[PDB]
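Here the structure comes first, spelled out in C-alpha cells, and everything after it is commentary.
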Amino acid sequence: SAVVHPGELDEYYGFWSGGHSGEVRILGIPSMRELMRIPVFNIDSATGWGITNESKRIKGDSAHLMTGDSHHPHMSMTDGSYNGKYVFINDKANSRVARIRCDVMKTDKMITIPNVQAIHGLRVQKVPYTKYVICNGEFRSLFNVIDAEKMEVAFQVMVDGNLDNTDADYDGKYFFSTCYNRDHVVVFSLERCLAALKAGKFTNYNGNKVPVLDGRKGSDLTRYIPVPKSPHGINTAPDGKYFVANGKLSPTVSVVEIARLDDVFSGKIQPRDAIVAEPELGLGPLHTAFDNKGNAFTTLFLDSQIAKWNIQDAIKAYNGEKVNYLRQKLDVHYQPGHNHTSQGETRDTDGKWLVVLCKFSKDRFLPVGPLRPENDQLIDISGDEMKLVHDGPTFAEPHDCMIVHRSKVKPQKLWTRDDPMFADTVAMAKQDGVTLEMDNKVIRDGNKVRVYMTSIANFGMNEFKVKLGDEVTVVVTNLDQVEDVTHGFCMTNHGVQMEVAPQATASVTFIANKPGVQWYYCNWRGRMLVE
Amino acid sequence: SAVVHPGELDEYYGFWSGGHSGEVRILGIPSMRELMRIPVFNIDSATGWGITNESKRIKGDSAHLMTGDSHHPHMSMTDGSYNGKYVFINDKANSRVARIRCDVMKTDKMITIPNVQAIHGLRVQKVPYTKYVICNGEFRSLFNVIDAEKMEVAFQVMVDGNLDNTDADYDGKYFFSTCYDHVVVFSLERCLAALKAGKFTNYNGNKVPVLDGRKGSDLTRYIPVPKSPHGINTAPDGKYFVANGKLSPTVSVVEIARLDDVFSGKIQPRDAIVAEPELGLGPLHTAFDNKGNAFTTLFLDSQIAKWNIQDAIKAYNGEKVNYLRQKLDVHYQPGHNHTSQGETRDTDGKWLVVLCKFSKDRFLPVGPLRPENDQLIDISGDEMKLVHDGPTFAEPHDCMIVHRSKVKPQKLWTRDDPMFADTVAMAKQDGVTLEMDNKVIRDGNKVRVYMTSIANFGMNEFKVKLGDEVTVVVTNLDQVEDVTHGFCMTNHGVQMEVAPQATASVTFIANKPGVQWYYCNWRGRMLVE
C-alpha cells in the first residue's frame, strides 16, 4: 500500500528535478509528499539562496543568473549502490552542473561547463564509485567527464552526431550515450580515454585548458552501435549485464549485452553483434526502468502507456523462439516521459515502486487556470501486475527523479562551524578581528559597513547606525544547538531575508537607501537607523 | 476518508500561505496535494514572475524587491459565501497587499500600504460582499480599509495600542481587531460618515485619509479581554466572535448583536462578553463547524480543544455544565487552524486543518532545515480523528478552504486581458498585431522583437548589436488547454511561461557576442555582433 499514516515514516527519499523552478525537491516515497525544496539555480525567497553572499560565492561566474531549468538529479554511489553523499543536477538552460551535499541538504558547488552551449543528459559513474559525473553537450557534441569530488571538468570527448542521454556500466569500463545523424549508441572506453590523456593526445579551445579527445567514428576511444532512428533514453540494467536504448521514432527498444563490448572494442565482433534483443513494444518508447526480476518498464509516449516486458524472453524471441515477452501495458495519464523504480539505477533495485512522469494531466486534478500541473504517477510493481495507486500533481515540468532507500541518507541535524560553505565569511570576520560565536560588532570601512550579530531563540544586537547609501553587510550566526530551531533574518521593507540554520552563519549585502528607523526581526525586533 | 484515488477529484481548493517563499499554494483537499504555486512576492524561475515586464508593471513600486513573507490568503465573498473571484494576500516583510485573480490564477494587483512599516492580520469583508479588505499596520497602529475592486487604500483608522489580528461580521456594520487588553470594534457606518464630513488628516505628501479611532472616539469601542489576545474569529452564524487569550488560558466570546448597544451607550463594553471559557495553555486561533462547536489551538499544550459555544455561555452564567468536548494531541505546537468553508456561511464541519510549527520526528529527516506539519483532522463525527500529516515548506501562517463548485477558472487567456494590455499598446505604437506578426523593431540602442508560437516559433532568427536593450514579446497562439509554451534564451538567465493566448515579454542586455539559442522549454538563433 501507498498509505503512510500519521506517525509512520516513508520508506524512501525521492529526489525530484525542479524543472523550470530551478530547484531540487525531496519527496517521501510512497506518500509522494514534498518534504523539502533545495534551491540550486533559482533565487529562493525562503532561504535567501541566490541573495546571500555564501550562495553567490558558490554560484561563481553565474551569480548574476536568476533562473535555471534543473534536470537529471543523481546521487553518488559506491560499488553500484547509492552512498548518500552527493546529488548532482544540471541546468539545461545555462550549461551548469551543480552538486548538492546531502549531509546539510544544500548546493555546495556549481560550475559552468566550457566549450558547450547546452547540456543534456547527466548521470553518475556507478562502479567502483562515483569518481566521475557524465553529461552530453553541444558546440557536433562533447561528452563531458567531470571529477565529482573536485567539481571540475576532467576531460571532454568530441563525437560525430548529436548526443542526447547517457548512462554507465557496473564495471567502471564503459559509458554510453545515444546519438543521432539508422542512428547510434556511442560507447566510450574509460581506460583508453585516460591513457590518451596521460599520453598527451588532446587539444584545447579558447584560452581555457580543458583537454578534448577525438571520439569520432574511427577513433580507438569510441565504438558506435547502430540502433533504430532517433534513440532517446539509455538505461543500464541493475545486474550490469545489459543496457536498453529507447527507439522513440521506432516502436522498439534495443538491448545490448555489456559483456560483448570488449569484443566490439577488440574487433573480434562487429558493433551490431552487441545487440541481443530488439523487442517491439508500442508507439514512442522513451525511457526504461527495471525491477529486480529481469523485467523492464518502458514508457510509450504516444500510446500513453507503460509496457512491462521480460528481458530474457525478449532475447529468446530475437532468436526465433515463439515466446511472449510483453507482459502488460498499463494506461497512464497522459504522455509519459521518464520513469524510475525504487533504487532503480543501483544494485539495490527492489521492484516495489515505479514512478512515471507524465507531461499532461488534463482532467486528473481540479482545474487551476491556464497553467496546469503535470502528473507524476505512482505504480505498484510488487505483484505480477502493475497497479496505479497515486496521481501526484507536480509543478514546473520535472524531467527526471531518483529514489533511494532511507537507510542510505544520513543528514546532519546541525551545521558545524568549520563548514566550507561559510568559510570565506569566517575568514572575512577574522580579518576584522571578529569571533562569530561571541561577537556583536559593527565594523566601519569607508562607505562599507559590516554588522556581525548572534541569535539565540532574540538577537545579540538590538540596534545600529549607518549613513544613507552605505553598503551594509549583515552577518548572522545562529548559536542554538537544538534541531529545527531555524532562525530567520529579515530587514523590513528592504526585500532582504534569509535562513540562518542552527550553528550556521549567513550574510547578505544591501544598500541602506531608505532614511530613518528600519526594523529587523526573526522570521522563522531590532532597529537599523539610517541618517 | 481522506483518500482521493487516481481518477477521483478533490472536494475543495485550499489556498495556502507560502510563508517565506512569497508564493500562494493551491492544495486539493482532502488529498493535501499541491496543485499549483501562484507567484506573488518571489522571483519565480518557472513562470518568469518578477522578471517579465508584465509582472514588473503589476509589482509597481516594489518591482525591485526579490523576496516576501506571504500570509493570510482570503477569498472574496458575496453575502458571506466565497464567490471565487479574488484571493488577497499580504507580505508581512514589506508592507504589501496583493490580489490574485482566480479566473487566470495570477496576481493582478499589488500595492504598498502607506504610513505603515509592517502589516499583520488581513481579512475580507463578508457581507454584503467583499467591498473592503482589512488589515492592521504599525507606524501606534493603523487599521487599513482597502477597496478590494480598486486595490487602493480607502482609509485608515489610528488607534491606541498595537493591532494584531482582524475579522469581520456577517452584517457589513463592524470590523474587529485584537489590540494590546482590548478588542477594538470599528463601526463602518460611522467611519464612512466621518470621511464624507471631512474629519480626517493626511501624512507625508500622500493623500490617504486617516481617522482618529483612539479610545473616546465615536468610531471605535474597546472591549476588555484577558492579556495579549491573538486570534479573533467570527462564528459562521454571525452571532459571535471569539478572541483568543494566548497568555491567558481562556478565550472570550462576544455577542455581535450587543455591539449596537455598546456603540449607543446603552450597555458597557464588557457587557458584550457572553462567555469566557478556560481551555488550556496558549490559545491562538479558533475555527468553527456547522454545529455550534469551536476548535481552538493550544500552542503550549500542543492540542486542539473542541468546545461547544452555547455550553460555554451557560457555564459563564453559573450553570455547572461541561463545554469542553475533547482535546486531541497535535504534532507539534499548533498555530492557526481552519475548517472546510470555515469563514463563510457554508461551513460544513467535514475537515479541520491545523498548522503546526515543529514537525520533529513526524517525517524522514531532511537536514538542518525541516518542514512544518499541516495536519488534516476529520471533524464529521462526534470525535476528532487525525488522518494525515502534511509536510510543508517555508512556514505557512495561514490557509483557507473553499468548495470546488465556487471556483471556475478559465482554461485559456483572452487577448483583452489587462495583465498584458500595456504590452499590447506598446505593440500597437510599433504598428504590430501580436496575433500575426513576427517583426523586429529597431529604436536606437533598444530593440523590440515580436514573435508568435504554435506547438515552433514564427521567427527562426534575428540580429542585434552587442550591448543592445532587447525586449522579446512572445504570443502563444494555441487554443488547447495546458499546451503552455516556454521561452528561454540560452545562457542568459531568461525564461518565461507563455500560456495559451497570453503574451509575455522580457527585457535584457545582449552582453555575450555570437550565436545564442532560444527554444520552447515547457531552436531559434539570436546573433549578437
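Residues are named by chain letter and number: chains run A, B, ... in the order of the C-alpha cells, numbers start at 1 in each chain, and ligands are numbered from 1 in the order shown.
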Chain A contacts on chain B, only C-alpha atoms, 6 Å, as a ChimeraX atom specification: /B:6-7,9,20-21,35,42,45-46,65-67,93-94,104-105,362-363,367-370,388-389,391,394,409-412,482,490-491,493
With N, CA and C atoms retained, could you export that selection as a JSON list (two decimals), in the first residue's frame?
```
[["chain", "number", "residue", "atom", "x", "y", "z"],
["B", 6, "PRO", "N", -6.63, 7.71, -7.81],
["B", 6, "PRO", "CA", -6.47, 8.18, -9.19],
["B", 6, "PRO", "C", -7.79, 8.15, -9.94],
["B", 7, "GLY", "N", -8.09, 9.22, -10.68],
["B", 7, "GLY", "CA", -9.38, 9.37, -11.37],
["B", 7, "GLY", "C", -10.38, 10.21, -10.61],
["B", 9, "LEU", "N", -11.50, 13.34, -8.00],
["B", 9, "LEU", "CA", -11.11, 14.71, -7.74],
["B", 9, "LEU", "C", -11.25, 15.06, -6.28],
["B", 20, "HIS", "N", 7.67, 32.19, 3.89],
["B", 20, "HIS", "CA", 8.85, 32.92, 3.42],
["B", 20, "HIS", "C", 9.14, 32.71, 1.94],
["B", 21, "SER", "N", 8.46, 31.76, 1.31],
["B", 21, "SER", "CA", 8.63, 31.53, -0.12],
["B", 21, "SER", "C", 8.01, 32.66, -0.95],
["B", 35, "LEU", "N", -1.44, 21.54, -6.07],
["B", 35, "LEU", "CA", -1.85, 21.57, -7.46],
["B", 35, "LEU", "C", -1.12, 22.62, -8.24],
["B", 42, "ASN", "N", 7.77, 36.55, -4.61],
["B", 42, "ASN", "CA", 9.00, 35.89, -5.04],
["B", 42, "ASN", "C", 9.34, 36.13, -6.50],
["B", 45, "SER", "N", 11.39, 31.37, -11.12],
["B", 45, "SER", "CA", 12.14, 30.82, -12.26],
["B", 45, "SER", "C", 11.23, 30.09, -13.23],
["B", 46, "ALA", "N", 10.17, 29.47, -12.71],
["B", 46, "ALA", "CA", 9.23, 28.67, -13.50],
["B", 46, "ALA", "C", 8.40, 29.49, -14.48],
["B", 65, "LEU", "N", 12.07, 44.48, -5.48],
["B", 65, "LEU", "CA", 12.14, 43.54, -4.36],
["B", 65, "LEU", "C", 12.03, 42.09, -4.82],
["B", 66, "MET", "N", 12.96, 41.26, -4.35],
["B", 66, "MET", "CA", 13.03, 39.85, -4.74],
["B", 66, "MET", "C", 12.49, 38.85, -3.71],
["B", 67, "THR", "N", 12.05, 39.31, -2.55],
["B", 67, "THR", "CA", 11.56, 38.41, -1.53],
["B", 67, "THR", "C", 10.31, 38.97, -0.88],
["B", 93, "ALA", "N", 6.68, 41.21, 5.45],
["B", 93, "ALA", "CA", 8.05, 41.73, 5.39],
["B", 93, "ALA", "C", 8.17, 43.12, 4.78],
["B", 94, "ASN", "N", 7.35, 43.45, 3.79],
["B", 94, "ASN", "CA", 7.47, 44.72, 3.06],
["B", 94, "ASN", "C", 6.18, 45.54, 2.91],
["B", 104, "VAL", "N", -7.71, 33.43, -13.90],
["B", 104, "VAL", "CA", -6.43, 33.09, -14.53],
["B", 104, "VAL", "C", -5.36, 32.61, -13.54],
["B", 105, "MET", "N", -5.67, 32.72, -12.25],
["B", 105, "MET", "CA", -4.82, 32.20, -11.16],
["B", 105, "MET", "C", -3.43, 32.86, -11.10],
["B", 362, "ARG", "N", 8.05, 13.43, 12.81],
["B", 362, "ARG", "CA", 6.89, 13.01, 12.01],
["B", 362, "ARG", "C", 7.19, 12.73, 10.54],
["B", 363, "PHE", "N", 8.36, 13.14, 10.06],
["B", 363, "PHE", "CA", 8.78, 12.85, 8.70],
["B", 363, "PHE", "C", 10.20, 12.39, 8.69],
["B", 367, "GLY", "N", 17.88, 17.10, 6.85],
["B", 367, "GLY", "CA", 18.90, 18.10, 7.14],
["B", 367, "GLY", "C", 18.44, 19.12, 8.16],
["B", 368, "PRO", "N", 19.30, 20.13, 8.44],
["B", 368, "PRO", "CA", 19.06, 21.11, 9.50],
["B", 368, "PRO", "C", 17.78, 21.90, 9.35],
["B", 369, "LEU", "N", 17.39, 22.17, 8.11],
["B", 369, "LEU", "CA", 16.10, 22.79, 7.81],
["B", 369, "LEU", "C", 15.01, 21.73, 7.66],
["B", 370, "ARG", "N", 14.01, 21.75, 8.55],
["B", 370, "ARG", "CA", 12.88, 20.82, 8.49],
["B", 370, "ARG", "C", 11.57, 21.45, 8.04],
["B", 388, "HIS", "N", -4.14, 12.76, 8.40],
["B", 388, "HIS", "CA", -3.00, 12.99, 7.53],
["B", 388, "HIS", "C", -2.05, 14.03, 8.12],
["B", 389, "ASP", "N", -0.75, 13.74, 8.02],
["B", 389, "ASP", "CA", 0.33, 14.66, 8.33],
["B", 389, "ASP", "C", 0.89, 15.13, 7.02],
["B", 391, "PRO", "N", 3.66, 17.36, 5.28],
["B", 391, "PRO", "CA", 4.85, 18.21, 5.35],
["B", 391, "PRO", "C", 4.68, 19.46, 4.52],
["B", 394, "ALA", "N", 8.61, 26.28, 4.26],
["B", 394, "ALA", "CA", 8.74, 27.72, 4.46],
["B", 394, "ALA", "C", 7.72, 28.38, 5.39],
["B", 409, "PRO", "N", -12.11, 28.53, -12.85],
["B", 409, "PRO", "CA", -11.01, 29.13, -13.61],
["B", 409, "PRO", "C", -11.16, 28.97, -15.11],
["B", 410, "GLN", "N", -10.59, 29.91, -15.85],
["B", 410, "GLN", "CA", -10.53, 29.85, -17.29],
["B", 410, "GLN", "C", -9.55, 28.78, -17.72],
["B", 411, "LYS", "N", -9.76, 28.22, -18.89],
["B", 411, "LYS", "CA", -8.82, 27.28, -19.48],
["B", 411, "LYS", "C", -7.80, 27.98, -20.37],
["B", 412, "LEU", "N", -8.19, 29.11, -20.98],
["B", 412, "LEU", "CA", -7.30, 29.91, -21.82],
["B", 412, "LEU", "C", -7.30, 31.34, -21.35],
["B", 482, "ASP", "N", -3.72, 23.53, -21.28],
["B", 482, "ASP", "CA", -2.33, 23.10, -20.97],
["B", 482, "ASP", "C", -1.48, 22.65, -22.17],
["B", 490, "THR", "N", 18.97, 30.81, -24.06],
["B", 490, "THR", "CA", 20.13, 30.03, -23.63],
["B", 490, "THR", "C", 21.23, 30.91, -23.04],
["B", 491, "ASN", "N", 21.74, 30.49, -21.88],
["B", 491, "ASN", "CA", 22.90, 31.10, -21.21],
["B", 491, "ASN", "C", 22.73, 32.58, -20.77],
["B", 493, "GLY", "N", 19.97, 33.49, -18.49],
["B", 493, "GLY", "CA", 19.14, 33.54, -17.29],
["B", 493, "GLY", "C", 17.76, 34.12, -17.51]]
```
Within 9 Å of residue 177 of chain A using only C-alpha atoms, minus same-chain residues under 6 positions, as a list in words: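 Once the nearby chain positions are removed, what remains is residues 121, 135, 136, 143, 163, 164, 165, 166, 167, 168, 184, 185, 186, 187, 188, 233, 234 and 245 of chain A.
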Go ahead and save the picked residues with N, CA and C atoms, as a CSV table (one decimal), in the first residue's frame.
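Dumped to result.csv:
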```
chain,number,residue,atom,x,y,z
A,121,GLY,N,21.8,15.1,-21.1
A,121,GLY,CA,21.6,14.1,-20.1
A,121,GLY,C,22.8,14.0,-19.2
A,135,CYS,N,28.0,14.0,-18.7
A,135,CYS,CA,26.9,14.6,-19.4
A,135,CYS,C,27.3,15.0,-20.8
A,136,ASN,N,26.2,15.2,-21.6
A,136,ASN,CA,26.4,15.5,-23.0
A,136,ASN,C,26.2,17.0,-23.2
A,143,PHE,N,31.1,14.9,-25.1
A,143,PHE,CA,30.8,14.1,-23.9
A,143,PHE,C,31.7,14.6,-22.8
A,163,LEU,N,24.6,14.0,-29.2
A,163,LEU,CA,24.4,13.2,-28.1
A,163,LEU,C,23.2,13.7,-27.3
A,164,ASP,N,22.3,12.8,-26.9
A,164,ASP,CA,21.2,13.1,-26.1
A,164,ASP,C,21.4,12.6,-24.6
A,165,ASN,N,21.1,11.3,-24.3
A,165,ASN,CA,21.1,10.8,-23.0
A,165,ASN,C,22.3,9.9,-22.8
A,166,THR,N,22.5,9.5,-21.5
A,166,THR,CA,23.8,8.9,-21.1
A,166,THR,C,23.6,8.0,-19.9
A,167,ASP,N,24.4,6.9,-19.9
A,167,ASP,CA,24.4,6.0,-18.7
A,167,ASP,C,25.8,5.4,-18.6
A,168,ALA,N,26.0,4.6,-17.5
A,168,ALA,CA,27.3,4.0,-17.1
A,168,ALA,C,27.0,2.5,-16.9
A,184,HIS,N,22.9,5.8,-33.7
A,184,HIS,CA,23.9,5.1,-32.9
A,184,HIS,C,23.8,5.2,-31.4
A,185,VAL,N,24.4,4.3,-30.7
A,185,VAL,CA,24.8,4.4,-29.3
A,185,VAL,C,26.4,4.5,-29.4
A,186,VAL,N,27.0,5.5,-28.8
A,186,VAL,CA,28.4,5.7,-28.6
A,186,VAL,C,28.8,5.1,-27.3
A,187,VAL,N,29.8,4.2,-27.4
A,187,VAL,CA,30.3,3.6,-26.2
A,187,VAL,C,31.7,4.2,-26.0
A,188,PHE,N,32.0,4.7,-24.8
A,188,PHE,CA,33.3,5.3,-24.5
A,188,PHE,C,34.0,4.4,-23.6
A,233,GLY,N,16.2,7.5,-24.5
A,233,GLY,CA,16.8,7.0,-23.3
A,233,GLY,C,17.9,5.9,-23.5
A,234,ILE,N,18.7,5.8,-22.5
A,234,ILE,CA,19.6,4.7,-22.4
A,234,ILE,C,19.8,4.3,-21.0
A,245,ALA,N,18.5,0.8,-25.1
A,245,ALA,CA,18.4,2.1,-25.8
A,245,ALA,C,17.0,2.3,-26.4
```
Those in segment 272-448 of chain B with alpha helix (DSSP H) from DSSP, as an NGL selection string: :B and (309-316 or 421-429)
Grab the residues selected above and save them as a PDB file, in the first residue's frame with N, CA and C atoms.
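Once written, selection_27.pdb looks like this:
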```pdb
ATOM      1  N   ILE B 309     -20.127  26.272  22.097  1.00  0.00           N
ATOM      2  CA  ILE B 309     -20.299  27.683  22.413  1.00  0.00           C
ATOM      3  C   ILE B 309     -21.474  27.950  23.365  1.00  0.00           C
ATOM      4  N   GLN B 310     -22.643  27.391  23.071  1.00  0.00           N
ATOM      5  CA  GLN B 310     -23.806  27.553  23.958  1.00  0.00           C
ATOM      6  C   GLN B 310     -23.543  27.033  25.384  1.00  0.00           C
ATOM      7  N   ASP B 311     -22.902  25.878  25.491  1.00  0.00           N
ATOM      8  CA  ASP B 311     -22.493  25.377  26.801  1.00  0.00           C
ATOM      9  C   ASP B 311     -21.470  26.251  27.518  1.00  0.00           C
ATOM     10  N   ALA B 312     -20.587  26.917  26.773  1.00  0.00           N
ATOM     11  CA  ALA B 312     -19.685  27.913  27.366  1.00  0.00           C
ATOM     12  C   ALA B 312     -20.448  29.128  27.914  1.00  0.00           C
ATOM     13  N   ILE B 313     -21.502  29.534  27.207  1.00  0.00           N
ATOM     14  CA  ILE B 313     -22.356  30.639  27.647  1.00  0.00           C
ATOM     15  C   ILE B 313     -23.087  30.276  28.933  1.00  0.00           C
ATOM     16  N   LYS B 314     -23.648  29.070  28.977  1.00  0.00           N
ATOM     17  CA  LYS B 314     -24.314  28.565  30.176  1.00  0.00           C
ATOM     18  C   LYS B 314     -23.366  28.522  31.384  1.00  0.00           C
ATOM     19  N   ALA B 315     -22.150  28.033  31.161  1.00  0.00           N
ATOM     20  CA  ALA B 315     -21.132  27.956  32.230  1.00  0.00           C
ATOM     21  C   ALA B 315     -20.715  29.327  32.759  1.00  0.00           C
ATOM     22  N   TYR B 316     -20.654  30.304  31.873  1.00  0.00           N
ATOM     23  CA  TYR B 316     -20.392  31.682  32.254  1.00  0.00           C
ATOM     24  C   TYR B 316     -21.486  32.266  33.147  1.00  0.00           C
ATOM     25  N   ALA B 421      -2.135  44.294 -21.341  1.00  0.00           N
ATOM     26  CA  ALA B 421      -2.697  45.400 -22.107  1.00  0.00           C
ATOM     27  C   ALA B 421      -1.666  46.446 -22.492  1.00  0.00           C
ATOM     28  N   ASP B 422      -0.724  46.740 -21.596  1.00  0.00           N
ATOM     29  CA  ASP B 422       0.320  47.734 -21.894  1.00  0.00           C
ATOM     30  C   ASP B 422       1.342  47.225 -22.874  1.00  0.00           C
ATOM     31  N   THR B 423       1.618  45.922 -22.847  1.00  0.00           N
ATOM     32  CA  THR B 423       2.388  45.279 -23.916  1.00  0.00           C
ATOM     33  C   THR B 423       1.667  45.345 -25.280  1.00  0.00           C
ATOM     34  N   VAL B 424       0.348  45.136 -25.274  1.00  0.00           N
ATOM     35  CA  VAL B 424      -0.456  45.243 -26.489  1.00  0.00           C
ATOM     36  C   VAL B 424      -0.412  46.687 -27.029  1.00  0.00           C
ATOM     37  N   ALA B 425      -0.547  47.672 -26.134  1.00  0.00           N
ATOM     38  CA  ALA B 425      -0.485  49.113 -26.501  1.00  0.00           C
ATOM     39  C   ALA B 425       0.882  49.501 -27.066  1.00  0.00           C
ATOM     40  N   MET B 426       1.947  48.994 -26.452  1.00  0.00           N
ATOM     41  CA  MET B 426       3.298  49.177 -26.970  1.00  0.00           C
ATOM     42  C   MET B 426       3.440  48.598 -28.374  1.00  0.00           C
ATOM     43  N   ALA B 427       2.862  47.415 -28.593  1.00  0.00           N
ATOM     44  CA  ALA B 427       2.919  46.756 -29.907  1.00  0.00           C
ATOM     45  C   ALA B 427       2.187  47.568 -30.969  1.00  0.00           C
ATOM     46  N   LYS B 428       1.064  48.141 -30.569  1.00  0.00           N
ATOM     47  CA  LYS B 428       0.266  48.973 -31.441  1.00  0.00           C
ATOM     48  C   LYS B 428       1.027  50.226 -31.875  1.00  0.00           C
ATOM     49  N   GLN B 429       1.679  50.912 -30.937  1.00  0.00           N
ATOM     50  CA  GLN B 429       2.547  52.058 -31.240  1.00  0.00           C
ATOM     51  C   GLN B 429       3.562  51.717 -32.307  1.00  0.00           C
TER      52      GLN B 429
END
```
Option closest in space to residue 214 of chain A, from A:169, A:183, A:160, A:262 [counting only C-alpha atoms]: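 Selected residue with least distance to residue 214 of chain A: A:160.
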Nearby residues (only C-alpha atoms) at most 7 Å from residue 377 of chain B, same-chain spacing under 5 positions excluded, as a list in words: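 Contacts, in chain order: residues 351, 352, 353, 384, 385, 386 and 387 of chain B.
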Please write the residues from the selection above to a file, keeping N, CA, C and O atoms, as a PDB file, in the first residue's frame.
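After the write, again-v4.pdb holds the following:
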```
ATOM      1  N   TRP B 351     -13.901  18.985   7.620  1.00  0.00           N
ATOM      2  CA  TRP B 351     -12.440  18.963   7.792  1.00  0.00           C
ATOM      3  C   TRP B 351     -11.902  20.125   8.608  1.00  0.00           C
ATOM      4  O   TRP B 351     -12.393  21.243   8.515  1.00  0.00           O
ATOM      5  N   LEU B 352     -10.896  19.826   9.421  1.00  0.00           N
ATOM      6  CA  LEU B 352     -10.125  20.806  10.164  1.00  0.00           C
ATOM      7  C   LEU B 352      -8.666  20.603   9.785  1.00  0.00           C
ATOM      8  O   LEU B 352      -8.171  19.464   9.744  1.00  0.00           O
ATOM      9  N   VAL B 353      -7.992  21.703   9.486  1.00  0.00           N
ATOM     10  CA  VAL B 353      -6.563  21.702   9.206  1.00  0.00           C
ATOM     11  C   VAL B 353      -5.864  22.504  10.288  1.00  0.00           C
ATOM     12  O   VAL B 353      -6.277  23.601  10.595  1.00  0.00           O
ATOM     13  N   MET B 384     -13.021  14.008  16.978  1.00  0.00           N
ATOM     14  CA  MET B 384     -11.986  14.421  16.034  1.00  0.00           C
ATOM     15  C   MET B 384     -10.989  13.281  15.829  1.00  0.00           C
ATOM     16  O   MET B 384     -10.569  12.659  16.800  1.00  0.00           O
ATOM     17  N   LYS B 385     -10.608  13.032  14.581  1.00  0.00           N
ATOM     18  CA  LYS B 385      -9.657  11.980  14.235  1.00  0.00           C
ATOM     19  C   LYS B 385      -8.588  12.520  13.299  1.00  0.00           C
ATOM     20  O   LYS B 385      -8.900  13.093  12.261  1.00  0.00           O
ATOM     21  N   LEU B 386      -7.329  12.325  13.680  1.00  0.00           N
ATOM     22  CA  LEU B 386      -6.185  12.779  12.895  1.00  0.00           C
ATOM     23  C   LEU B 386      -6.029  11.817  11.723  1.00  0.00           C
ATOM     24  O   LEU B 386      -5.920  10.620  11.942  1.00  0.00           O
ATOM     25  N   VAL B 387      -6.067  12.316  10.489  1.00  0.00           N
ATOM     26  CA  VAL B 387      -5.983  11.412   9.323  1.00  0.00           C
ATOM     27  C   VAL B 387      -4.750  11.585   8.437  1.00  0.00           C
ATOM     28  O   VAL B 387      -4.336  10.629   7.827  1.00  0.00           O
TER      29      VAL B 387
END
```
Polymer residues at most 6 Å from segment 268-285 of chain A, only C-alpha atoms, same-chain spacing of 5 or more positions, as a PyMOL selection string: chain A and resi 225+246-248+251-257+260+263+299-303+314-315+318
